[PDB]
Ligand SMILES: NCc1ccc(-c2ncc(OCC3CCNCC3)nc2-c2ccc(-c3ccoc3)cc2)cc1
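Let's start with one chain on its own, the form deposited without the named molecule, as structure tokens.
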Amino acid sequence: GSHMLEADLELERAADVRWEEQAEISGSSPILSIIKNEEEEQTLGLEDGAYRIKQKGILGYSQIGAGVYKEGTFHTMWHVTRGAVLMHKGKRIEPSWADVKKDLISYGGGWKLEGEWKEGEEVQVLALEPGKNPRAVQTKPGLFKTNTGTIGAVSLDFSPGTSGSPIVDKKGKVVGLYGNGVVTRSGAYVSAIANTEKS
């Protein structure tokens, strides 16, 4: 085998994880990224926060997803990294736990995200889309019956490369991550919210 990594996946911090009062007023608001006026996907540029995940190629970096660092643990989607080792400023982060059905993976501990949602509350997607500065978008999840119980979901209203961005409740805690696409009986895909699942 090789002792080098198969892919160079780099983490880049982009925003604090919090509820944004402007987005509660207006429905959406820009978030501070540090001050950056434009995101340049192809360049690269742990503390708690929301990160982009960027893969190196010969043309530069591509943002393949995003995630959240909380309590020494990085959280992202299974589909985004498929368990690949991550790097942040020279530090290697290895996978600790995954649930392929929830499309979740954590690095450097088990799941730490403790947001909550119940029917009729609103949440904010703190979206880190490829090519865009972070934006908080407030939305009301819909409730779904699963074949084992229930789950809330939001509409797939951002780039696929936003997958892993946090979805926060009004306490600033992460109810789930954007981009776990699940199919409805009616044929629609929606983005299911991890912590809202009742099994």
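Residue numbers here begin at 1 and follow the sequence given. C-alpha atoms forming the largest set that superposes within 1.5 Å between two forms make up the rigid core.
Modelled in this chain, residue 193 is likewise built in all the other compared entries whose models extend past it on both sides, so a third of them omitting it does not occur. In at least one third of the other compared structures of this protein with flanking residues present, residue 181 is left unmodelled. In the deposited sequence, the stretch from residue 59 to residue 60 has no residues without coordinates, so the chain runs on without a break. In the deposited entry, the stretch joining residue 149 to residue 150 is continuous, with no residue of the deposited sequence left without coordinates.
On average the C-alpha atoms of 24 to 32 have higher B-factors than those of the other stretch, with 49 to 57 and 24 to 32 being the two compared. Of the two stretches examined, 70 to 78 and 122 to 130, the record assigns the greater average C-alpha temperature factor to 70 to 78. The deposited CA B-factor of residue 179 belongs to the lowest third of values across its chain.
Remark: residue 188 belongs to the highest third of its chain, ranked by C-alpha B-factor as recorded.
Among the modelled residues of the chain, residue 140 sits in the highest third by CA temperature factor in this PDB entry.
Only in words, not in the display: the form deposited with the named molecule bound, which the text now covers.
With the site C-alphas superimposed, the ligand pose in the entry with it bound sets the named molecule onto this chain such that three or more atoms are within 2.4 Å of backbone or C-beta atoms; a blocked site results. The closest heavy atom approach of residue 103 to the named molecule in the entry with it bound falls within 4.5 Å.
For the candidate spot formed by 50, 68 and 96, no residue has a non-hydrogen atom within 4.5 angstroms of the named molecule in the entry with it bound. In summary, the region of this chain contacting the named molecule in the entry with it bound, judged by heavy atoms within 4.5 Å and restricted to 170 to 178, 54 to 62, 153 to 161, 134 to 142, corresponds to 170 to 178.
Relative to the superposed core, residue 149 undergoes a Cα shift of 2 Å or more between the shown form and the other one.
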